[PDB]
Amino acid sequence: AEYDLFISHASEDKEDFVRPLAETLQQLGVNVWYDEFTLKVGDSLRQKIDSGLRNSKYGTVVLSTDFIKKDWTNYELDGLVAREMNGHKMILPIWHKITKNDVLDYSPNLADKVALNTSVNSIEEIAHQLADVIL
């Protein structure tokens, strides 16, 4: 794998969250990329995930209201946020700009699968969780 980590995300969260998080991860020594894994409306998410896991040791998902309403199989995120392929692992999903009603409406089984939350956890705390596993 050429990369340590890829970050699946919606376009609404790319510049104001994924980019600072990626830069923080790079400062900690993690080789991370994300530009090719932006989810737009009508995209196949699993297509992006298969590409990410093919060339990255790990992946994570930025679970926003925008992301979960764009995900055609949002109700199956509870399986996807822990998906593995070729020994590469989706890990540490991140709650980010999402409401509990959004989880109840579009992916109820996801609720106890996620712990990180950018409304309670800082970007630096989240980056350290990823960095400690990767390095």
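All residue numbers refer to positions in the sequence shown, first residue = 1.
Comparing the deposited coordinates for 35 to 43 and 56 to 64, the stretch with the larger average C-alpha B-factor is 35 to 43. Taking the PDB entry as given, 68 to 76 carries the higher mean Cα B factor of the two stretches 68 to 76 and 92 to 100. Comparing the listed residues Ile123, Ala111, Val120, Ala115, the entry records the largest Cα B-factor for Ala111. Remark: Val133 belongs to the middle third of its chain, ranked by C-alpha B-factor as recorded. Residue-level temperature factors show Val30 in the middle third of its chain, judged at the C-alpha atom. In the deposited entry, the Cα temperature factor of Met85 sits in the top third of values across the chain's modelled residues.
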